[PDB]
Amino acid sequence: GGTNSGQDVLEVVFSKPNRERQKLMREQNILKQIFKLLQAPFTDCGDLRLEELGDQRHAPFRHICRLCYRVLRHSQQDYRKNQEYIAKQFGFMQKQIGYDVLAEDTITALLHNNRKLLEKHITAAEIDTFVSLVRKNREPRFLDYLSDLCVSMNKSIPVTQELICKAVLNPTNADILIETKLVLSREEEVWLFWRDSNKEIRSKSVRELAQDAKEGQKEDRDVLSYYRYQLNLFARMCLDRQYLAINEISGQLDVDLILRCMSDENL
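Basis of the calculations
Residues numbered from 1 in each chain as written, not as in the entry; some residues may be left out. Part of a larger assembly, values for the part shown. Heavy atoms only, no water. Helix = DSSP H or I, 4+ residues; strand = E, 2+ residues; numbered from the N terminus. Buried < 20%, exposed > 50% of the residue type's maximum accessible area, 1.4 Å probe, protein only. Areas by Shrake-Rupley, 256 points an atom, 1.4 Å probe, with all protein chains shown as cover. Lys, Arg positive; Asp, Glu negative; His and termini not counted. Charge placed at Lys NZ, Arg CZ, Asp CG, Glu CD. Core = buried A, V, L, I, M, F, W, Y, C linked by side-chain atoms within 4.5 Å. Contact = heavy atoms within 4.5 Å. Salt bridge = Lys/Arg side-chain N within 4 Å of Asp/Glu carboxyl O. Patch = residues over 30% accessible without salt bridge, like charges linked within 9 Å, V, L, I, M, F, W, Y side chains within 5 Å. Axes fitted to C-alpha atoms, helices over the stretch in contact; angles between N-to-C directions. Parallel < 35°, antiparallel > 145°, perpendicular 65-115°, else oblique. Left-handed = near helix turned anticlockwise from the far one by under 90°. Disulfide = S-S within 2.5 Å.

Colleague: How would you summarise the overall build of the protein if you had to cite specific residues and measurements?
Modeller: Regarding its fold elements, the protein presents 14 helices and 2 strands. By its C-alpha atoms, the protein is 70 × 45 × 40 Å across when sized along the principal axes. The buried share of the protein, reckoned over its 267 residues, is 36%. Working note: accessible area of the protein is about 16700 Å², and carbon and sulfur atoms make up 54% of it. Within the protein, the 40 negative side-chain charges are centred at a point lying 7 Å from the centre of the 40 positive side-chain charges.

Colleague: Provide a residue-level description of the nonpolar core, including the pertinent values.
Modeller: Counting 36 residues, the largest nonpolar core has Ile127, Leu146, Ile164, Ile178, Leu192, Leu233 and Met237 as its most contacted members. Sorting the residues of this core by element identifies α10 (141–150) and α12 (218–238) as the ones contributing at least two each. Here the element with the most residues in this core is α12; it accounts for 6 residues. When near neighbours in sequence (up to four residues on either side) are disregarded, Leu192 contacts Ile178, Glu179, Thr180, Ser203, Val206, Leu209 and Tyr227.

Colleague: Talk me through the pattern of salt bridges; I want residue IDs and the actual numbers.
Modeller: The final tally for this structure, using the stated rule, is 9 salt bridges. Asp55 serves as the salt-bridge partner of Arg57, at 2.5 Å between the closest nitrogen and oxygen. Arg57 sits in the exposed class, given a relative accessible area of 54%. By relative accessible area, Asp55 is classed as partly exposed at 40%. Via salt bridges that share partners, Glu11, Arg70 and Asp105 belong to a single interconnected network.

Colleague: Could you give an account of unusual backbone geometry, with specific residues and numbers?
Modeller: At the junction of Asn170 and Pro171, the peptide bond is cis and its omega measures out at 0° in the coordinates. Among the structural elements, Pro171 can be located in the loop between α11 (161–164) and β1 (179–180). The backbone of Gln7 sits at a positive phi, close to 60°, despite the residue not being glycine. Look at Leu182: it is not a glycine, yet its phi comes out positive at around 50°. Along the chain, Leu182 turns up in the loop between β1 and β2 (192–193). Overall, the relative accessible area of 39% leaves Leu182 in the partly exposed class.

Colleague: Give me a nonpolar patch on the surface: which residues, what numbers.
Modeller: On the surface, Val255, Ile258, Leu259 and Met262 cluster together into a nonpolar patch covering about 440 Å² of accessible area. Judged by relative accessible area, which is 60%, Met262 ranks as exposed.

Colleague: Explain the packing of helix α4 (residues 65–75) against helix α7 (residues 103–110) to me, and be specific about the residues and the numbers.
Modeller: Look at α4 against α7: their axes get within 9 Å of each other, and the N-to-C directions meet at 15°. When the axis of α4 is compared with that of α7, the two are roughly parallel. Here the hand of the crossing between α4 and α7 comes out left-handed. Residues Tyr69, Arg70, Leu72 and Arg73 of α4 form the contact with α7, whose participating residues are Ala103, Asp105 and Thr106.

Colleague: Give a detailed account of the state of the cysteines, specifying residues and quantitative values.
Modeller: Considering all chains together, one arrives at 0 disulfides under this definition. Looking at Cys45, it has no disulfide partner, and the nearest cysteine sulfur is the one in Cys65, 10 Å off. Among the residues examined, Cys45 registers a relative accessible area of 39% and is labelled partly exposed. Among the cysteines around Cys150, which has no disulfide bond, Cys165 carries the closest sulfur, lying 6.2 Å off.

And the structure:
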């Protein structure tokens, strides 16, 4: 409902985005043609997203893909029908969160404090293909993009929590863990396991990471952030009486081990 004044990616007037008009963009097949326009260039270059067509020459060509996602995001604000219409086409939108087509901002808005569409649109197959070579990879921003749809609602969604608690650690694949096991050696400080996803585990220590808070290697930079992100995931994983992920995480990181890290050490 605004007027042209400059910097069209502004998103500032979130007062009342013309419910009678975002009804029109669903009924008049506008949102259908936007989905066709997104997958058209990739089918053009196939018979290419960033691995082969990630060059700087495609600066205005990708300016329409980040506008299509922007107008997709503006269509579903405070509107259930548009939200479920977009979430019915969630299958191919999953391919491109981590890239520069601005798909990460729109996908968070669909899962923000909604009950019924979230508990029915997301299935176990989506999680199983969602723990693919993205959880096999780095950058745990996509991991807390898992975590905000994990349980993060008003309080303690009871439908999808058992759907996610049998995927991350059953089995233990997909960037396995950062395994703290109270190794009881040279009192008896903990030893955590982190790997480069190529070979044997190759864990220096957690004590070497204490002096790495000021400077160090990039892997030493982000291993603490990855551990913190999955620990936030583990904290917000249960939140309630959930038997299916309460005994695996009880023997692992038991009462002595969780309290041993309540010390005054440099973190």
